[PDB]
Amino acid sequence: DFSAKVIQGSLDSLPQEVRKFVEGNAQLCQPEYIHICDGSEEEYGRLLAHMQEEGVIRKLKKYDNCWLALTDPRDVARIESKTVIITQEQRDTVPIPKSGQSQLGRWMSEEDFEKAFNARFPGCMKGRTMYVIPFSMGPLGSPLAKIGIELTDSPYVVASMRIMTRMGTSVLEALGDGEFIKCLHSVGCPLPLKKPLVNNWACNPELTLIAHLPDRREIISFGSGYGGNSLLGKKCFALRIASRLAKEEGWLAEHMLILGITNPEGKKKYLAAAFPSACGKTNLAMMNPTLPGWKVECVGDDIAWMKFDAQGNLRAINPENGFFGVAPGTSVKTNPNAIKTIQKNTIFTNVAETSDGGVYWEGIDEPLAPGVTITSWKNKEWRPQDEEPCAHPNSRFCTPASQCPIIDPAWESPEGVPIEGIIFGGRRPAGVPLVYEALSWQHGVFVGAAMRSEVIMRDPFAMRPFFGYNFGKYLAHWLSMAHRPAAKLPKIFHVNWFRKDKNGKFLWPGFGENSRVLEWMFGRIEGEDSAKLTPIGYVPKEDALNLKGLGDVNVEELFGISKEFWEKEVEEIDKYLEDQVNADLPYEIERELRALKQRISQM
C-alpha cells in the first residue's frame, strides 16, 4: 500500500487496473512520492515554476508563458539502436532479412528484455516523485481515440505531455474500467546521484532503452528524458504500439500530416501526407498558400489515425493535442503560421536565446537589432561567424494545436475528417518529378513502399523507424483495404520538392508555392482531365499546373523522366524488397514492381 506517499489525488479514486499499474511500479521503482496529475492550469504553472527554481528550465520573458530547456548533449534525439520491440517470434516484429541486418525494426527477445529491465528499473525513482499521467490520444470520447497511463519521474515530461496529449482528471473519468496502454518511463537517475548531473538534465545514456511490448500493451522506456524517448504518446504509442493495434482492429496508424484544402469556389477536401523527418510535413500541414483564393487549414502535422467508416469514407483523426515541431528552418517565409502559434504557452528545447529573452535558431530569418546578443543551446555566447550552430539541428518547439491561426474547425471532431488523397514524398535531388499520381491502390501502396530520401536512405511510408510489426504484413494490411466492403479508396500521389539541376540549386521554389501542386491533386480527385500517363504514373499535362508568378520554371527538367535513372531505381527497389521483406513481400507488391520494370523497359 503506497497510499501514504500520494501527494495529489487518491489511489482509491483510480480504476482497479490503473491502481495495480501505479502500485506495482511504485514497489519496483521506489519513488518518494506519487503525484496523480489532474491536468489543471494550477498544476501546470506550479510545476513549471518548480522546474524554474531547480534550474531545469528558463522562462523566456519576451513571450507570454514560454520556456526553454537545454539538455545534456548526450540526450538530444531518438536513438534507433536502443529502440526495440519485444515479441515471442522475431518474424512478427521484422521480416527476416536475407543479408542478416534489418533496416525495418529491431527485435529483442522476452528473455533479453527481462534481464535488461531488471538491470535498470529496481529503485530507479528513489528520492523522486512518480507522476501518474492519464492521457487521451485523440479527442476525448472519440471512437477512434485510445487512452494511456504514463508513469514518469520527469516534470519536463508531465508539462510536455499536457501540451501534446489531452491529460488529466477528465481522462480518468472517461476511461473507467476500459483498456489502456501502460507507459513506464524513468530518466534512470535515482537519488543520491551516482553520476554527475550535466546541464540540470537527468538522463542515463549508457542504459538508455526504449521498449515496446504490444502483446502486453506496454511501453517501457529508461534513461532518456528527450522527446520521442520520454513523451511516450509521441512515437511509441502513436506509431509503434498503435500500428499493431491498427493491424488487429482494421485501421491505420501513420506518420502523416492531415490538412484541409479549400479552392476559390469554397469546395473543401482533406489530404494526408507521409514524408520522413526533415522533408517538411509541418510546413505543408500549416501552409500559407501563394495562389489567390486557396486556403489551407491544419488538422495535424505528424500522426494520423485512420479508419474506414460504415459509409466507406477514410476517417482520420489527429491523436495529438499539439505540435512537437522542428525549430531550425522555421521562419516567417517558410512557415508564418508556426511562428504565430509558438508566441505563447510554448516549451522550447535546445534552441538559442537572445539577450532580450527571445528564441533563435538557424534559418529563422529575423535579423536582430544591433547590441542584441545570442546564447546558444550549449549555454555559451554565440556569433553568426562561429562554426557550430546556435540551436541543435533536431531542436524542437512544443506548442498547443488550438493556438494555430489556421487550425481546422473539425480538428477535434470525434468522427474524424474524410481523407480523399494520400501523398508520399521525400528528398530526391535527381530523377523523380515534382508530382505524380498512382495508377491504382495497389500501385499506390507500392509507391509508399518504394519511398527514399536524402546518402539516399530508404524510408517506406515514412515509417522506417516506427513499424510496430512486420513490414511485409503492414503492406498486406494496406492492400487488404481494397477488399473492404464499400471502401472509398483515396487517390495516391507522390511529390518531390527537392529536385535539383546539375549546379545543385532547387528546380522548384516550394513552401507556399506547393499550393500549385495541391491544386492539381484537388482537380484530379474531382475527375478533371489534367493528367498525362507516363511509365511511373500520371503526371500533369503541359500547362495544367498554374505557374503564374513563378516566371520561367524549368518544367522539362523538373518533370523529366529518364529511362536510365528509372532502370537503376527499379533494380534498387527490387534488391531492397527481396533482401529486407523477402518471404513476407505481398504478391501484389512484387506484381507492381514487375509492372513498373516492364513499363520502363518499353521507354
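One-based numbering along the sequence shown.
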Chain break class at residue 454/residue 455 - deposited residues not modelled: 10 or more
171-179 or 214-222, whichever carries the higher mean Cα B-factor: 171-179
60-68 set against 26-34, stretch whose average Cα temperature factor tops the other in the entry: 60-68
Top Cα B factor in the deposited entry, candidates 354, 470, 480, 165: 354
Of the residues 161, 476, 296, 242, the one carrying the largest Cα B-factor as recorded: 296
Chain-relative CA temperature factor third for residue 17: highest
Modelled-residue ranking by C-alpha temperature factor, third containing residue 143: middle
Third assignment of residue 4 from its chain's C-alpha B-factors: middle
Within-chain third of residue 394 by Cα B-factor, per the entry: highest
Residue 153 - which third its CA temperature factor falls in, relative to the rest of the chain: lowest
